[PDB]
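Heads up, the chain below is alone and in the form deposited in one PDB entry; it's given as structure tokens.
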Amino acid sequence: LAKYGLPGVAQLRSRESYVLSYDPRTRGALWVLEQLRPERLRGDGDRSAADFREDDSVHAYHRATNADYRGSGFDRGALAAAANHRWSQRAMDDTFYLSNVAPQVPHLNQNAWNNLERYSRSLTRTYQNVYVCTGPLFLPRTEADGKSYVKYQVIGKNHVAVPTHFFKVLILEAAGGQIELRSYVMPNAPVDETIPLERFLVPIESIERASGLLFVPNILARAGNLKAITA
């Protein structure tokens, strides 16, 4: 039956600061996986070259472009953050591949999401390893007649999907191997910067169900147990 090949395959991409899974239908990442360590955050502002590039290893039919974003009113929000990888120039520049980028409401990118990223980095002082998994969500809302719909904008000629929400899963690895799970969801909206990050914790099961992804079985295969944080 596969005489003429399979119409689509798993699109994994390994970069020097992350690995990701790419969804060609959304023209966006499904999840991005980083590993934070305290020494990987130390660095200077030496070269400061920061231009988002389009991912040439994604077919043109399904590759977001800078044009898709300009004039959209949406910031180019890097899922794997540049500041996570100061120690290496290449690790920083790879976060500027648009394959690592999703349309974010500017206020969110600059304030509440950015504060979530700095919290994640701040945890690198108290844990020997901070694994970070970031990605989009397209959450349905129930109308008053009982019917539910997924609705999200697409921007640019390439119809790049604007997520309704974003998730960030933190696998906090202490020195002794104990592991702490913190799962955050924020709407793709102007989130009040003064609400504490604790309020955005959600059970990891709700992210797994809504994302089509699975975390807890792969964690708790090598963790044995895990402390599920729900502030």
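Residues that one form lacks are left out of the comparison. We call the rigid core whatever largest set of C-alpha positions still superposes within 1.5 Å between the two forms. The first residue of the sequence shown is number 1, and the count goes up from there.
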42-50 or 194-202, whichever carries the higher mean Cα B-factor
42-50
Higher-B stretch (mean Cα B-factor, as the entry records it), 84-92 or 157-165
84-92
Once the chain's modelled residues are ordered by C-alpha B factor and cut into thirds, is residue 209 in the lowest, middle or highest one?
lowest
By the recorded C-alpha temperature factor, relative to the other modelled residues in its chain, which third is residue 126 in?
highest
Going by the entry, which third of its chain does the Cα temperature factor of residue 174 land in?
highest
Is residue 29 in the lowest, middle or highest third of its chain when residues are ranked by C-alpha B-factor?
lowest
What third of the chain does residue 60 rank in for C-alpha temperature factor, lowest, middle or highest?
highest
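What comes next is about the form deposited in another entry, which does not appear here.
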If you fit the two forms on their rigid core, which residue out of 46, 192, 198, 56 shows a CA shift of at least 2 Å between this form and the one not shown?
46
Residue shift check between this form and the one not shown, rigid core fit, residue 212 Cα at least 2 Å
no
Closer or farther in that other deposited form, the Cα atoms of residue 42 and residue 117, when the shift from this form is 3 Å or more:
farther
With a C-alpha distance change of 3 Å or more, do residue 20 and residue 216 lie closer or farther in that other deposited form?
closer
Return the sequence-ordered list of stretches, each of 3 or more consecutive shared residues, in which all C-alpha shifts are 2 angstroms or more between this form and the one not shown following rigid core superposition.
39-47, 144-146, 216-223
